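First the structure, in the form of structure tokens, and then the observations on it.
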Amino acid sequence: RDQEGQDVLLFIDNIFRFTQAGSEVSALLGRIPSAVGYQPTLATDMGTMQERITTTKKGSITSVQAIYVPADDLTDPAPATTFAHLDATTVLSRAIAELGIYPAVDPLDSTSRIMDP
Amino acid sequence: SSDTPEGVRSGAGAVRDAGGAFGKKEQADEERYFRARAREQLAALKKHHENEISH
């Protein structure tokens with residue numbers, strides 16, 4: 001993007017093993033943990049990574065990230081810090097894969113923020 | 001929650017272990033029904049003829 005000006009993609013698999021690997025450096029270094037076990041700096045390590053993924057004047061970088069939710073809790077602080085950065089979610093339902101459709105993207109349970117007149 | 005191994009799932013025998021309204025409504029219905037069956041099985045147990053000859 002900075003040297004050639006393309007329209008790059010970026011795949012991270014997954015984003016929970018980036019959060020969880022952060023809260024083991026911040027506990028080997030002798031720091032008091034925050035809420036349920038994470039690091040004190042949970043909102044800047046997600047800040048000083050995902051703000052470099054942006055559209056400058058030369059080109060852009062778009063990111064598709066896999067998201068694993070621990071213990072089916074949508075309000076756990078690891079899948080709650082991440083959710084403030086996303087602009088669109090696509091969900092692969094297994095109940096459409098047994099119906100024969102490929103790709104198995106659910107049309108009703110996917111949302112977009114830029115869907116706007 | 002339940003549509004994964006991680007989340008909480010309910011087993012068999014969870015209405016009585018809670019001990020609420022339905023857990024008390026179940027204990028007083030197994031007793032008020034099997035109280036009448038201690039009547040019909042005891043009244044017909046007196047119909048032994050050998051005891052009546054002793055009577």
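Ordering of the structure tokens sets the chain letters (A, B, ...); residue numbers start at 1 within each chain; ligands are numbered from 1 in the order shown.
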
Could you please tell me, as a PyMOL selection string, which residues of chain A have an atom within 9 Å of chain B when using only C-alpha atoms? chain A and resi 70-73

Among segment 35-93 of chain A, which ones does DSSP assign to strand (DSSP E or B) (computed from the backbone)? Answer as a list in words. residues 60, 61, 62, 63, 64, 65, 88, 89 and 92 of chain A

Kindly give the distance, in Å, that separates atom CA of residue 3 of chain A and atom CA of residue 56 of chain A, rounded to a single decimal.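 Separation of atom CA of residue 3 of chain A and atom CA of residue 56 of chain A: 12.1 Å.
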
With a cut-off of 8 Å, could you pull out the residues of segment 37-103 of chain A touching segment 21-28 of chain A and give me the nearest pair of atoms for each, distance in Å to one decimal, using only C-alpha atoms, ordered by chain and ascending number, as a Markdown table?
| residue | atom | partner | partner_atom | distance |
| --- | --- | --- | --- | --- |
| A:37 | CA | A:23 | CA | 7.7 |
| A:38 | CA | A:23 | CA | 5.2 |
| A:39 | CA | A:23 | CA | 4.9 |

Please, could you write that set of residues out with N, CA, C and O atoms as a short mmCIF file (atom, residue, chain, number, x, y, z; two decimals), in the first residue's frame?
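Heads up, here's the output in result-v9.cif:
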data_model
loop_
_atom_site.label_atom_id
_atom_site.label_comp_id
_atom_site.auth_asym_id
_atom_site.auth_seq_id
_atom_site.Cartn_x
_atom_site.Cartn_y
_atom_site.Cartn_z
N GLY A 37 -9.55 -12.01 33.98
CA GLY A 37 -8.26 -12.67 33.90
C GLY A 37 -7.36 -12.05 32.85
O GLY A 37 -6.20 -12.44 32.71
N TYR A 38 -7.88 -11.07 32.13
CA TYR A 38 -7.19 -10.46 31.00
C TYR A 38 -6.11 -9.50 31.50
O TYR A 38 -5.77 -9.46 32.68
N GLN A 39 -5.54 -8.72 30.60
CA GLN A 39 -4.51 -7.78 30.98
C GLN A 39 -5.12 -6.43 31.31
O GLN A 39 -6.29 -6.19 31.00
#
